[PDB]
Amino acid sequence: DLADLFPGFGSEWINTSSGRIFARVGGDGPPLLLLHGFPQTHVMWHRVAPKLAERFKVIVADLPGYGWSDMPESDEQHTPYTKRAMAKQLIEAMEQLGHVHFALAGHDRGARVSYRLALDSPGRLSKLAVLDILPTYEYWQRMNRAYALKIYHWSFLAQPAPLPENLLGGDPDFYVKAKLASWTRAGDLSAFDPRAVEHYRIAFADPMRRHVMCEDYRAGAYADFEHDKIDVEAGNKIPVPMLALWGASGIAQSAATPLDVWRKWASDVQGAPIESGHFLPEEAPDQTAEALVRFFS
């Protein structure tokens, strides 16, 4: 059975034209949407959301297809799991709550939804924070031996179905724990709350949920890359003030120097490293929360 890691947050199923979005909602004040990434669910914000809820209406959503959100049927171009489509669905979800102008922080895949949202629909955002990513175009453009070995799962999970699905089925508990462990600074599971790990393990135990994750990565290798490429070539920059945080031992800093990269993508960007591996809000909840509150306030 799955622990409630957001005491005092409500639980909402938000209807959209592509399916329900699950969210925990707490706090009051300006709306702030928090988006998780792979292979996690909304519960990864559990150490940081209570501090944000002191000043904001905090909406902690499962991405489309992840966690308890509905899984829209995919197609040959992985359309519902492109970050453009995810952002449109989340915009529609926020409109259901009456939030048409809101603050947004995302981590990993959710940070990819977030900067794509800022490029497509900048009027929707007051401020944007992205945690431990560079834009998808930048990862692929920096693909070399070292990066290919480090983020091998970018090409592995993008392989045509059912290859990754079948292999992930070989040992799904091991795989999700291996990914969680290996991207931390400690290299084991000791930075995570065990009840959160159980949430991530249970979601990953569902074949349909694993398939959606592969569809996300397929979108990441194809349409998401092409969407980013158009913006790069057009010189389109994110106009929303943004914060780029990265782990000193994280994924973003192995590809490049992250604030220099983001300055090419955003007109108004601040940045700071956090002493952390990839999972900033769980490995370094206090430093992450402080930086987010300061930026959004």
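All residue numbers refer to positions in the sequence shown, first residue = 1.
For the pair 255 to 263 and 56 to 64, the record assigns the higher mean C-alpha temperature factor to 255 to 263. Remark: stretch with higher mean C-alpha B factor among 106 to 114 and 136 to 144 is 136 to 144. Of the candidates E165, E73, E226, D216, the deposited coordinates give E73 the top C-alpha B factor. Annotation for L35: CA B-factor lies in the lowest third of the chain's modelled residues. Among all modelled residues in this chain, the alpha-carbon of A87 has a temperature factor (C-alpha) in the lowest third. Sort the modelled residues of the chain by CA B factor and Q96 lands in the middle third. Residue-level temperature factors show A186 in the highest third of its chain, judged at the C-alpha atom.
Annotation for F22: CA B-factor lies in the middle third of the chain's modelled residues.
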